[PDB]
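Visitor:
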Amino acid sequence: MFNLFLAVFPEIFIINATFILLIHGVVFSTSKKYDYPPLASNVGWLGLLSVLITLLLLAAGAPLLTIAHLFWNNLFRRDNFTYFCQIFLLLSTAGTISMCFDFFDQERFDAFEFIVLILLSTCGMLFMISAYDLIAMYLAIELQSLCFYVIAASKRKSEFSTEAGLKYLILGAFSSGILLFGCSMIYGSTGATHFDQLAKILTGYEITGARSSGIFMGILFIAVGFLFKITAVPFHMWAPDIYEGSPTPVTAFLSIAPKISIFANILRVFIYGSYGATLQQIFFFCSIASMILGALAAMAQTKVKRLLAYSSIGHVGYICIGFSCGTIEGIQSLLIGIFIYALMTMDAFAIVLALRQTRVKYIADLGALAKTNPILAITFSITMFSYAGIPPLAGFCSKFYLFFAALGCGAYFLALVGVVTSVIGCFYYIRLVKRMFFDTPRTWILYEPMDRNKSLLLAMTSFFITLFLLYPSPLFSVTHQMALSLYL
Amino acid sequence: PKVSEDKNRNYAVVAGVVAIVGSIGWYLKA
Amino acid sequence: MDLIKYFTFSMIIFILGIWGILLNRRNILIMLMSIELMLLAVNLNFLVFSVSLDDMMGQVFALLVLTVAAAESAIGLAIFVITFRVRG
Amino acid sequence: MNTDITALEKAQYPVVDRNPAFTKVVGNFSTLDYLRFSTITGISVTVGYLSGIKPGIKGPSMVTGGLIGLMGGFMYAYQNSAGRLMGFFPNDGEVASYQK
Amino acid sequence: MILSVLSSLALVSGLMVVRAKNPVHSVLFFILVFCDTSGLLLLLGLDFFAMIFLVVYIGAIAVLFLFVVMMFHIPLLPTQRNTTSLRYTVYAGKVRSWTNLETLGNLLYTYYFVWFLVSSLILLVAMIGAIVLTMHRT
Amino acid sequence: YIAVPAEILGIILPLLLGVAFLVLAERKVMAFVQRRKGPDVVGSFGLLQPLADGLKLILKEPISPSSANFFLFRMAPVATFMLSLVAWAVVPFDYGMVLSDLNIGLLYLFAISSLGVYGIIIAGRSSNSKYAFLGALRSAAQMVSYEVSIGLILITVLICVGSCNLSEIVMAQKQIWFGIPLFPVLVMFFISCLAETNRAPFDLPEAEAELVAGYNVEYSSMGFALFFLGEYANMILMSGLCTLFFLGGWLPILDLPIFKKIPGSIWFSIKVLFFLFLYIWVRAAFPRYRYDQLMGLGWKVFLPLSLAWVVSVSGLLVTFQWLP
Amino acid sequence: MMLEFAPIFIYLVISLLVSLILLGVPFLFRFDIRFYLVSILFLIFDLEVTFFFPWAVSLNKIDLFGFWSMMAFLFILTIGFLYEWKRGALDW
Amino acid sequence: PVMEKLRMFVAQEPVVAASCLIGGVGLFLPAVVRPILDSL
Ligand SMILES: CCCCC/C=C/C/C=C/C/C=C/C/C=C/CCCC(=O)O[C@H](COC(=O)CCCCCCCCCCCCCCCCC)COP(=O)(O)O[C@H]1[C@H](O)[C@H](O)[C@@H](O)[C@H](O)[C@H]1O
Ligand SMILES: CCCCCCCCCCCCCCCCCC(=O)O[C@@H](COC(=O)CCCCCCCCCCCCCCC)COP(=O)(O)OCC[N+](C)(C)C
């Protein structure tokens, strides 16, 4: 009876710790004895400890978590792919929550509900990766969606935060409605909400032999909703505004934690529920458009957060290249690109949060940064080059293997567009470089020193980026095992 | 000048000592 | 033929909600009603499909969708009243 | 309810009490399980104390961290003990205990 | 013919929702849309959902919207000559026939109980979010 | 199938005259509690007094400019009155003395009660006043708040019987009423029905709405009286709900097979009028309750306690396998 | 089994007619947040009632599992309501 | 000891203490009494 729950401890524990943190915060934030203490950093440290403990629980249950798989079959199906995806998403969440501690006390934002909502959205993401049915898929999407709608509008003094939160709300609600309408007809035309039986009724007959106007258009609507979820061009109506308006730690959690889970979800849907080979076309054109428009639009931006938003869109296109070529190498390149992009995004947002102590807004404020803090300047330049794809760094390997996967399937146009978009993409990255090493403005902005957690995370990520090409075997082997575990 | 007199901080110190001892035993026994 | 009528009515409600949310970029109130209309149309799709196939996975998920609809409406009006406090 | 606890990937190691009761696996805790439980609880208590000095809540933070650490360490020890009895873990001790 | 007029009136109300002149009348037609929808579900044979639509949509969501608005201002061909007499009724299964409520509750809380707890977590997210944003308490 | 309208009129007209005589009973009982007689001159014992009141109200000039869109103000009384009547289409008087035989008929009652909030809201809004609308809104918030306690108590009742059908609920009370074990739950349900109709010490919202304004709004002569009629019909309905659920709906109270001459149709009416007498007694025995503490009470002493009662009933029934 | 709603429809039509004939007799002769908060709490604690309704009726069929799942649901909403209580937003 | 604080809490909040007591009874009956009567 109780031992049938050995496969859900990494989630039951995080829920219980979330409840304990919420209770402790609400009890001791209104105590007159301590005079309404600012227990946001306390709740944040306890939440980081809880995330570490549930990561330890998840890591040591590799032989476990596959028991009572018949009992849990209707609800979720977790396997080697799900195990690694969860163990990486939880690490990303831990890093994000760790690098935002100074944000709580530097600008006096002691709202512990931020941390509990991070934790609960992370629980929703952990549900999403294990989700193996349309209903659980949609519910796990909605958990993180509502958590982020609440969190984005948390800072209720700036017109950017509120308007960005409202735009995110409306766009996410429309995307969720589109996706749910898509799932409704796939249920209607076949029954069989479960993924296991959805991958068996559609494999029997190809879409070319006979045309089913329900399943095809439901699959199309599901794909459209998912592309809205990851903000893939042309479904990028407000994403730069969302990333600019939202608070910096929120945007740090976004574009890493949500995208990983949504991409795992899209992998599960694409591999099983798609046998008509009609999602190759929708991913093809949309990824090409994302590549081109991200490369051509990030060069015209003068702020920092908008540039990171458009770089995220471009990297989403680069990763989506892997969906068009459906092979083991394509999925391997996709997952490796996701991993490298997650590390580089964490490093870049650590940079942005570091200069947030003095309210950095534009790209010209970080002028002559090689004089005040040379080592931070070097770190930022290295991270920017890693974004660019320069060979002697991580990020070049991901683009390399994505191009290899694209050429493996004979999508020769994908390789050419990838090359040209990379060529333009590196240009404005180097443009960012010039204003930060070479030309010195008349007025210099002075940045106060950083704290230990952000510095440690930044140093670890910087040494990972530079020295990745020396020893990349473990990542490649993890990714090859994960790609094959979708079937066996 | 013989007792710490802070019965709350003492528990933290003994808990930290227990944590260090447990970590060492974990490293050795396993 | 009543399944066809049901599906067409729900689809027209769906496209009408899309129509409502697309036109007025500023009302911010008609958008929430249009989103509710979209959710309503999808709920009717699920329930009608469940009745036709004599399968229960349609009504369970339709009932669960109401929690999402209510939560989205609550958060939407919270953000709306926060936004309105700035102006006027 | 109909419950069937059958892992997709079978245990590579000898299995004893394929469906162990809660009381027995709690009673199967070895010295390593107690050590890891203790170190997890101690780390959690220390973090709770250290973090909650700036807000001023030094004791309540200790209690909250202690509760979190107790729950996490107990879950970890139970998982290890179960996986030992289920046969997923090296379990070289109670396989010998079973024979006698 | 009951389905046609009800669907048409619901469609008209839904159309007037999005092209309304003032938010009050928009919400008023928004209520009528769900009234007609619940009637349609009642015709479909699902009495439980038809009344949950009153309890939730025009019981709490419509009241919430109105509160906010108050302040802050292949088909088978119709030939049926020889089909109304070709209905084969299997009497087995009519004995001990459950309703729309017993059947739903049989498997909502027992087999698919994870999704139920996920919906609970969604409700908790909504409850927390409505408080963090809007507590001025000045 | 043409027999239905006769039943509809037979349910409607006695309800209206019963509302009139319930107003008369209110006046008479409050008079007797205060050592008075009340209306005695008209008729024999005041029995013709409501008729004189009605003929007087009709024979007066109607103040109906409505100072507004001319539509929403005339639809609010219609909506509240039709709702307070349609809530009566499911009550199982004795055995076949029920108009509609809904297989749920209880979630239906909850839905109908919850829908009876828009009437007062649009009455307040349509009545262009800066305080009448606000008072109507506070009253709506009060009813909305006590609806959840009503629903939890309904769930408590529904757990024991096991089926939503109202007739089966009374059928399940052959052994005992459900009022003997659930007496705290019965008190809670009485207080919630008392506070959800603004007919109690839980009254202040509307009481101050007239004190500070004097109802200097578009006050129709007897078009406004439909609110009063609907409120008293709701009084009668929520008086009968308590004797449907917690008391025996029509079963004899404490009876040996001797007093079998009388039918079950009056066993229901006697309990209904007893609960109405209790309503009048509570009104003329307690002082009014402030809205500041009204909301706090309704949210902090009834929701947690009713939830605890739900939990306890469910746990006790499950433990000993006493479920239906 | 569901023909018993046409009587409700006819009753509603006749009640509307009676309301009309009752209203026609003489003719023939600024913002508060607390309101939003109470509405939100009502919505949240009304969804739980809509979830309770299938649980109570079918509670016999499900023993010691559906009951405990509903208890977990209640515990989650009780944690939510406890956070609601201490933070304020519940008194005036 | 905890008894003084618990009793002071019960004195100040009667409804909350009563609700907790009845809920604890209703949760203790099926979690403790039920297994021991299951085994007769
Ligand atoms: C030739 C040389 C050869 C080599 C000689 C070898 C010698 C071996 C020496 C080992 C030293 C161990 C070092 C481990 C150090 C750990 C970190 C120190 C932790 C510590 O702040 O102290 C206690 C707390 O307590 C624990 O939070 C948790 C307690 C953790 C620390 C307890 C360690 C006690 C171990 C006792 C072992 C006895 C060993 C005896 C050695 C002597 C034998 C002769 C005092 O807190 P507190 O509130 O007054 O103040 C703190 C403190 O100021 C800062 O952390 C913050 O700024 C402030 O906010 C506040 O948090
Ligand atoms: C059991 C099921 C779970 C129950 C909890 C679930 C809900 C979560 C609630 C978590 C928050 C609860 C936090 C309050 C608990 C009581 C707080 C407390 O005990 O502290 C007391 C007293 O506490 C103590 O003194 C010692 C308590 C800590 C020592 C024990 C550490 C915990 C060890 C492990 C935890 C227990 C074992 C695991 C559970 C069985 C107050 O002391 P101070 O006021 O800080 O001292 C004076 C401060 N000043 C100088 C400024 C005036």
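Residue numbers (PDB author numbering), protein chains in the order written: chain N, 12 to 499; chain v, 74 to 103; chain K, 1 to 88; chain f, 1 to 100; chain J, 1 to 73, 110 to 174; chain H, 2 to 325; chain A, 1 to 29, 56 to 118; chain b, 2 to 41.
No residue lacks a Cβ here, since even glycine has one placed at the ideal position from N, Cα and C.
Cβ closer than 7 Å: which chain b residues qualify as neighbours of residue 313/H?
Guide: Within the sixth sequence, residue 313/H is the residue found at index 312, counting from 1. Ordered by position in chain b, the residues that pass the 7 Å Cβ test against residue 313/H are 23, 24, 26, 27.
Visitor: What does residue 115/H reach in chain J if we use C-beta pairs closer than 9 Å?
Guide: If you number the sixth sequence from 1, residue 115/H lands on position 114. 54, 55, 58, 59, 60, 63, listed in chain order.
Visitor: Tell me the DSSP bridge mates of residue 314/N?
Guide: Within the first sequence, the letter at position 303 stands for residue 314/N. Note: residue 314/N sits in a beta bridge opposite 373/N.
Visitor: From the DSSP output, read off the bridge partner residues of residue 144/N.
Guide: Here residue 144/N refers to the residue found at position 133 of the first sequence. BP columns for residue 144/N point to 205/N.
Visitor: Taking the C-alpha atoms as reference points, what is the distance between residue 83/N and residue 71/f?
Guide: Residue mapping note: residue 83/N aligns to position 72 of the first sequence, counting from 1. Residue mapping note: residue 71/f aligns to position 71 of the fourth sequence, counting from 1. Distance between the alpha carbons of residue 83/N and residue 71/f is about 24 Å.
Visitor: Short check: CB of residue 315/H to CB of residue 25/b, under 9 Å?
Guide: Sequence index remark: in the sixth sequence, residue 315/H carries index 314 (1-based). Sequence index remark: in the eighth sequence, residue 25/b carries index 24 (1-based). Going by C-beta atoms, residue 315/H is not nearer than 9 Å to residue 25/b.
Visitor: Please decide whether residue 144/J counts as near chain K, where near means a Cβ-Cβ distance under 9 Å.
Guide: The residue given as residue 144/J occupies position 108 in the fifth sequence. So, interface residue.
Visitor: Should residue 251/N and residue 297/N be called a contact, given that it needs their Cβ atoms to be closer than 9 Å?
Guide: The residue labelled residue 251/N in the question sits at position 240 within the first sequence. The residue labelled residue 297/N in the question sits at position 286 within the first sequence. No, the Cβ-Cβ distance between residue 251/N and residue 297/N is not below 9 Å.
Visitor: Can you list, in chain order, the residues of its chain with a C-beta nearer than 6 Å to that of residue 239/N? Leave out the 5 residues immediately preceding and following it.
Guide: Against the first sequence, residue 239/N aligns to sequence position 228. Closer than 6 Å at the Cβ level, and outside the excluded window around residue 239/N, lie 186, 246.
Visitor: Using a Cβ-Cβ distance cut-off of 9 Å, determine whether residue 126/J contacts chain K.
Guide: Against the fifth sequence, residue 126/J aligns to sequence position 90. So no, residue 126/J is outside the interface.
Visitor: Just checking my contact of residue 152/J with residue 95/A at CB under 8 Å: how many whole Å lie between their CB atoms?
Guide: Numbered from 1 along the fifth sequence, position 116 holds the residue referred to as residue 152/J. Numbered from 1 along the seventh sequence, position 69 holds the residue referred to as residue 95/A. Right, their Cβ atoms sit about 6 Å apart.
Visitor: Buried or exposed: which applies to residue 172/J, given that a residue is buried once 16 or more other Cβ atoms fall within 10 Å of its Cβ?
Guide: As a working mapping, residue 172/J is identified with position 136 in the fifth sequence. Classification for residue 172/J: exposed.
Visitor: For a contact defined as C-beta to C-beta under 7 Å, what are the partners of residue 62/A on chain N?
Guide: To locate residue 62/A, count along the seventh sequence from 1; it is residue 36. Neighbours of residue 62/A on chain N: none; closest Cβ ~15 Å, over 7 Å.
Visitor: Is the beta carbon of residue 50/f within less than 8 Å of some heavy atom of ligand 1?
Guide: For this step, residue 50/f is matched to residue 50 along the fourth sequence. Correct: residue 50/f has its Cβ closer than 8 Å to ligand 1.
Visitor: In chain N, which residues lie less than 8 Å from residue 43/J when you measure between Cβ atoms?
Guide: One-based indexing of the fifth sequence puts residue 43/J at position 43. Correct list: empty, because the minimum Cβ distance to chain N is about 19 Å.
Visitor: Since residue 56/K meets chain N, which of its residues come closer than 7 Å, beta carbon to beta carbon?
Guide: Here the question's residue 56/K lines up with position 56 in the third sequence. Those do not exist, as residue 56/K stays about 10 Å from chain N at its closest Cβ, beyond 7 Å.
Visitor: Which residues does DSSP list as the beta-bridge partners of residue 87/N?
Guide: The residue labelled residue 87/N in the question sits at position 76 within the first sequence. Residue 87/N pairs with 142/N.
Visitor: So, is the C-beta of residue 2/b closer than 9 Å to a C-beta in chain A?
Guide: Walking along the eighth sequence from the start, residue 2/b turns up at place 1. Taking Cβ atoms only, chain A never reaches closer than 9 Å to residue 2/b, which makes this a no.
Visitor: Got a sec: is the Cβ-Cβ distance from residue 45/K to anything in chain N below 9 Å?
Guide: For the purposes of this step, residue 45/K is taken as the residue at position 45 of the third sequence. For residue 45/K, the nearest CB of chain N lies under 9 Å from its own CB, placing it at the interface with that chain.
Visitor: I want to see whether chain H comes within less than 9 Å of residue 105/A, judged by CB atoms only; does it?
Guide: The residue given as residue 105/A occupies position 79 in the seventh sequence. No, residue 105/A does not count as interfacial toward chain H.
Visitor: Verify the CB distance criterion: does residue 29/K have a CB-CB separation below 9 Å to chain A?
Guide: Locating residue 29/K in the third sequence gives position 29, where the first residue counts as 1. It does not: the Cβ of residue 29/K has no partner Cβ on chain A nearer than 9 Å.
Visitor: Would you check whether ligand 2 has a heavy atom nearer than 8 Å to the C-beta of residue 303/N?
Guide: Residue mapping note: residue 303/N aligns to position 292 of the first sequence, counting from 1. Result no, Cβ not under 8 Å from ligand 2.
Visitor: Whole angstroms is fine: what's the gap from residue 108/N's alpha carbon to residue 61/N's?
Guide: Within the first sequence, the letter at position 97 stands for residue 108/N. Within the first sequence, the letter at position 50 stands for residue 61/N. Spanning the two alpha carbons is a distance of roughly 11 Å.
Visitor: Answer with yes or no whether the minimum CB distance from residue 88/A to chain K is below 9 Å.
Guide: Looking up residue 88/A in the seventh sequence gives position 62. Not an interface residue.
Visitor: Can residue 112/A be considered in contact with ligand 1, in the sense that its beta carbon sits closer than 8 Å to one or more heavy atoms?
Guide: Looking up residue 112/A in the seventh sequence gives position 86. Outside the cutoff, so no.
Visitor: Would you tell me roughly how many angstroms separate the C-alpha atoms of residue 72/K and residue 69/J, rounded to the nearest one?
Guide: Here residue 72/K corresponds to residue number 72 of the third sequence, with the count starting at 1. Here residue 69/J corresponds to residue number 69 of the fifth sequence, with the count starting at 1. Cα to Cα, the separation comes out at about 17 Å.
Visitor: From what residue to what residue does the alpha helix (DSSP H) around residue 477/N run?
Guide: For the purposes of this step, residue 477/N is identified with residue 466 of the first sequence, where counting begins at 1. Run containing residue 477/N: 463-478, per the alpha helix (DSSP H) assignment.
Visitor: Less than 8 Å between the CB atoms is what I'm expecting for residue 299/H and residue 273/H, so what's the real figure, rounded?
Guide: Here the question's residue 299/H lines up with position 298 in the sixth sequence. Here the question's residue 273/H lines up with position 272 in the sixth sequence. The pair is not a contact, with the Cβ atoms about 25 Å apart (cut-off 8 Å).
Visitor: Does at least one heavy atom of ligand 2 sit under 8 Å from the Cβ of residue 35/N?
Guide: The residue labelled residue 35/N in the question sits at position 24 within the first sequence. Checking the Cβ of residue 35/N against ligand 2 gives yes.
Visitor: So for residue 79/N, helix, strand or coil by DSSP?
Guide: Here residue 79/N refers to the residue found at position 68 when the first sequence is read from its first residue. Three-state result, residue 79/N: coil.
Visitor: Do the CB positions of residue 227/H and residue 23/A come within less than 9 Å of each other?
Guide: Mapped onto the sixth sequence, residue 227/H falls at position 226. Mapped onto the seventh sequence, residue 23/A falls at position 23. Closer than 9 Å, so yes.
Visitor: Using the C-alpha atoms, what's the distance from residue 361/N back to residue 309/N?
Guide: Within the first sequence, residue 309/N is the residue found at index 298, counting from 1. Within the first sequence, residue 361/N is the residue found at index 350, counting from 1. When rounded, the distance between both Cα atoms is 20 Å.
Visitor: Can residue 261/H be considered in contact with ligand 2, in the sense that its beta carbon sits closer than 8 Å to one or more heavy atoms?
Guide: The residue labelled residue 261/H in the question sits at position 260 within the sixth sequence. For ligand 2, not one heavy atom lies less than 8 Å from the Cβ of residue 261/H.
Visitor: Shorter than 9 Å from the beta carbon of residue 68/J to some beta carbon of chain N?
Guide: Counting from one through the fifth sequence, the residue named residue 68/J turns up at place 68. No, no contact with chain N.
Visitor: Confirm the yes/no value for this check: CB of residue 84/v, any heavy atom of ligand 2, distance under 8 Å.
Guide: Within the second sequence, residue 84/v is the residue found at index 11, counting from 1. Yes; taking the cut-off as 8 Å, the Cβ of residue 84/v has a heavy atom of ligand 2 nearer than that.
Visitor: Quick check: residue 354/N and residue 92/N, are their CB atoms within less than 9 Å of each other?
Guide: Here residue 354/N refers to the residue found at position 343 of the first sequence. Here residue 92/N refers to the residue found at position 81 of the first sequence. Taking 9 Å as the Cβ cut-off, residue 354/N and residue 92/N do not qualify as a contacting pair.
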